[PDB]
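Right, one structure below, let's go through it.
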Amino acid sequence: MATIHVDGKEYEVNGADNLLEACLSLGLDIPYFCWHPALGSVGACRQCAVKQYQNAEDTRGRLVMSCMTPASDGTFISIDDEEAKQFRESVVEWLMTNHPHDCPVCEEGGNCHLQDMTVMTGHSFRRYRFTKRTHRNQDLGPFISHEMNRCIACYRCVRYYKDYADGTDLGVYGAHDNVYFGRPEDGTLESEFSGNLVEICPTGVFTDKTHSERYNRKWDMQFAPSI
Amino acid sequence: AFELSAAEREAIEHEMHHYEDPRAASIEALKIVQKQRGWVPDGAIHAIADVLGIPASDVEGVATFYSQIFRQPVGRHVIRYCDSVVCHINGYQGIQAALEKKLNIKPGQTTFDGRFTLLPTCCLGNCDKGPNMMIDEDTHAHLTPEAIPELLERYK
Amino acid sequence: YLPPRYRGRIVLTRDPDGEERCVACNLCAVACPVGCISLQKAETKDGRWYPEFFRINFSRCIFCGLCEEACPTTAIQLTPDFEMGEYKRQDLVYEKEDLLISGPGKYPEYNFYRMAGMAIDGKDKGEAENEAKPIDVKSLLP
Amino acid sequence: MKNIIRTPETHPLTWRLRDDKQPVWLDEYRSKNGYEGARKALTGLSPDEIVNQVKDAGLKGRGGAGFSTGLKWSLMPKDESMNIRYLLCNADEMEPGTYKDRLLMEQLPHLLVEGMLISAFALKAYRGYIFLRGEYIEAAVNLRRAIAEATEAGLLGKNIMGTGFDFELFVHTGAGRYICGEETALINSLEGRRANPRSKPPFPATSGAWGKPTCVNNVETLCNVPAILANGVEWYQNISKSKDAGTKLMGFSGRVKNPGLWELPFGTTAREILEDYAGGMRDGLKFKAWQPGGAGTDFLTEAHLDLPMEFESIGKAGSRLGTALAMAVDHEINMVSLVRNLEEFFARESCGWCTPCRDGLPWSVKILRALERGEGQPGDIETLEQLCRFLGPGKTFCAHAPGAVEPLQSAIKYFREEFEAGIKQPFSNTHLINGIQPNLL
Ligand SMILES: Cc1cc2nc3c(=O)[nH]c(=O)nc-3n(C[C@H](O)[C@H](O)[C@H](O)COP(=O)(O)O)c2cc1C
Ligand code: SF4
Ligand code: SF4
Ligand code: SF4
Ligand code: SF4
Ligand code: SF4
Ligand code: FES
Ligand code: FES
């Protein structure tokens, strides 16, 4: 349908798709947080940044977001561009400024999308020396535990719960760097599809409470396909 | 034990006529309730939500987002002093220091009797006319630290 | 005479406040090449992760020290003591009561929970290192 | 200077202003050619002809970007099934150093009403909303009185002046966030939502308020529209012999002799505003730096005066013209403290949607607080440089963050010595652990 040029190579992709879902289908690793295949693209986390050129001869282009950019015919992009790589590392660095030192006692550990993207960008050295922001937690019922300190403000939880699942009791509160995702007050999440939040949230804010009674890491699990 | 009063309720439904959606009246509904009571209490979030026909998490999201809508109890008179860049050049820090001596509080805190609450605010749009502050709906310009006690006396 | 870095008997150490240092994160078990560590996480009413059981099969252990270097709490350490011997191989299987010693061992001062954001007794939110106080969304200050 | 011959020809915006600084009502407004613009539009001209006239005149937006008003008005659909259209008037004015719209709504309220009336007929919008800030108390009193004054003279409501046009105007006060002045975030605030901006494309001309065609215009942009139609497209073009047409509300604020606001044509140089209108600096103060158009603009020096106040002339000098309301910085303001105040405002006014604004800007604030106190470390200034590069246009979701770093990058470029004075402590972000030898760089 459409042909795009990525990092010198040439590929055939669907024109209706955006550049993140085109390139992930070809096996090109682009980091991302706020995009979901079911939920669509909003452009919040700015992690999916690639350098886009106007044509084959344009040497200096601009950084766009691949989840928000259509894969039109004639597209010239570079994932491995140095300025794109530095910016993608910086987005992880900005998310790491307020993240708690919680991975040994986090139930998302070993199954954490934030852990995977941090390694994938190659950010391993801390420069930030100032204080971290903290949040108190809510009670969300017998199924889902709440730890707002681990939130990276990707907005996936509210987009799933209100837009997709049509739940009414989860929203975003506050402003600037004090944004809080949760309920207006403590209490059980009313939706019959609340438990998909543990897979939808890329961090360990929403985790399975029934699994945290008898916790084990993902590598120690024995799995089978079942119904 | 919050109940929407019969005049607050009529004021909210008056402004639902001026929009396609009743969701658009949510900001004014919060200001209507706050004008009568000083601040928006916790039971007013569900009260406004059921009148407008939108969920309470949407109402609470709006109220926490907007700075002037208050979700904590304030004093009888709110003092809002400008701390932006043009007021910084004209000497707001001397006004802030004079406000912290007459009231013996810090910004974000109310007075012990509850007469005044002290809050910083953005640029009031009166930049050419000096350091600026607001007490309720009244704007005072050309502020000096000596003028601070006499100005406060008017608001009892 | 043994040097300080000698790789003999494996112990689990304690905090300077006196609690066990292991948070049952299972990194030592997975990093072991021989697969000689089994453990299960338990959690107190305070909310502190701790191991329900800790089991090392010393018949299989090669004393490589990969478990010690994997540990993000300094709980598991290798001590200068080679004095081991048994009549039964079943007695080479050590439980947590055979491994947990009374003090902090090689690293006298490190406490992991002081770093961690997670809230336990004695450390509410904002009482950790480089952590500010929690600000509510309902706060009057913008 | 204090005597200015305000004429209908050279001061269309401000010549009706009274000397006692009191507002002008519909009886007084109509004696000095008031609503005559909207008579020539509604009774004699088509909606398309008015849009081309505003395009031919060369009217640019006064909100701080300077896009063409007639081109933006031509982005609307030509479909006849899209019957519900809205006109929104941006009366937010939350940028520091911006006090221009306060003059126009408090003392000349019918000027905005007439300007919105003509613009609504051209854009075919049945409803108009004035998005006023809630701090402007006397603006809301005078606007709501002037609307009800015009509703009984038949200039608003249904069958305005005998034509088929029916337009209903509203004033709704804001709840106090600076990002509500962003035009897509104004639409979300009007809808009763958290004021996040929207991604463009699509544009609000096709999909705006409640998924309807919408046009958002600044107060001062709308006030130019009655002058154009009443006098003619040729008068407006020949006011100044410059690439920017019409008159602008230009001013100087700060520690100057006569802070204020004067209507001036484009191409007036900044030194003329500072030394003839504003009376220069106060006695015992030297001139250090100036921001041309509010808080979001890059700083400029004394060498950058004698340079005209146009969009591309300030653009080639490394800055943006913005609101055209300039702020003077004298020799007694420490530049690091001035920037720290600026970034504190910008950080706390972030809507929180996108990562490099929500998390990048608080890091800049904390570094500047360290620099101001003297606790800055040697890697701090190179971090501020990196933040400015990565918060530029297209990297964040809206233009808030690019406007935030524009004072920061100019102040490092022109005043690096005061930023370098903050660096008095070495680099250490880690504490020693007994029994563990560190990795020594
Ligand atoms: C952060 C931000 C704040 C803004 N604030 C205002 C404002 O207060 N008033 C205004 O007229 N435009 C403001 N704008 C510009 C608007 O987004 C928009 O460009 C303008 O209202 C267009 O109208 P105009 O063509 O008449 O200039 C702001 C833009 C940004 C990015
Ligand atoms: S959410 Fe991921 S990165 Fe954060 S503490 Fe848990 S495992 Fe670590
Ligand atoms: S709670 Fe989880 S899903 Fe929701 S914004 Fe935070 S990190 Fe994203
Ligand atoms: S000994 Fe260390 S690595 Fe092993 S489970 Fe305990 S804390 Fe984790
Ligand atoms: S020393 Fe090596 S073999 Fe022994 S328990 Fe530790 S990792 Fe396993
Ligand atoms: S830059 Fe991003 S976070 Fe800042 S105001 Fe714009 S959308 Fe919100
Ligand atoms: S994944 Fe594309 S901007 Fe978030
Ligand atoms: S900066 Fe103080 S009112 Fe504008």
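By convention in this document, chain letters (A, B, ...) are assigned in the order of the sequence lines, proteins followed by strands, and residues within each chain are numbered from 1. When reading the values below, keep in mind they use all heavy atoms of this one structure, side chains included, and skip hydrogens, waters and symmetry mates.
Side chains of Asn111(A) and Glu108(A): a donor-acceptor N/O pair is absent below 3.5 angstrom, by distance only. A side-chain donor-acceptor contact under 3.5 Å links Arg21(C) and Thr74(C). For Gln138(A) and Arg183(A), the side-chain atoms include no donor-acceptor pair closer than 3.5 Å.
Counting heavy-atom pairs closer than 4.5 Å to chain A, the top residue among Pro72(C), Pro142(C), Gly117(C), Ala42(C) is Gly117(C). For the options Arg133(A), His176(A), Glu107(A), heavy-atom pairs under 4.5 Å to chain C are most numerous at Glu107(A). Among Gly109(A), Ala175(A), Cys106(A), the residue with the largest count of heavy-atom pairs under 4.5 Å with chain C is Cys106(A). Residue with the most contacts toward chain C among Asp102(A), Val179(A), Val105(A): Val105(A) (heavy-atom pairs, distance under 4.5 Å).
A salt bridge links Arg48(C) to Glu19(C): one of the charged nitrogens lies within less than 4.0 Å of a carboxylate oxygen. Between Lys9(A) and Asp7(A), none of the side-chain N atoms (NZ, or NE/NH1/NH2) sits under 4.0 Å from a carboxylate O, so this pair counts as no salt bridge.
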message: Using the rule given for ring-ring contact (aromatic ring centres under 6.0 Å, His included), can you reason through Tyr155(A) versus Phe181(A), listing the C-alpha separation, both sets of side-chain angles and the distance that settles it, and then say yes or no?
response: CA-CA 8 Å; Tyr155(A) 293 76; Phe181(A) 294 87; 4.9 Å; yes
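Only the side chain of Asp220(A) comes within contact range of chain C, with heavy atoms under 4.5 Å apart. Proximity to chain C (any heavy atom under 4.5 Å) is restricted, for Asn149(A), to the side chain, taken from C-beta onward. Contact of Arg129(A) with chain C is made through the backbone alone, with heavy-atom distances under 4.5 Å.
For residues 124-135 of chain C, heavy-atom neighbours of chain A at less than 4.5 Å comprise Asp124(C), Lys125(C), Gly126(C), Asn130(C), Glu131(C), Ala132(C), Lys133(C), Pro134(C), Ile135(C), sorted by residue number.
For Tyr50(C), the OH atom counts as densely surrounded, since its 6.0 Å shell holds more than 12 non-hydrogen atoms of other residues, nucleotides or ligands.
If you take CD on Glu93(A) and OG1 on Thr97(A), they are separated by 8.5 Å, rounding to the nearest 0.5 Å. For the atom pair SG of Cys151(A) and NE2 of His99(A), the computed distance is 9.5 Å after rounding to the nearest 0.5 Å.
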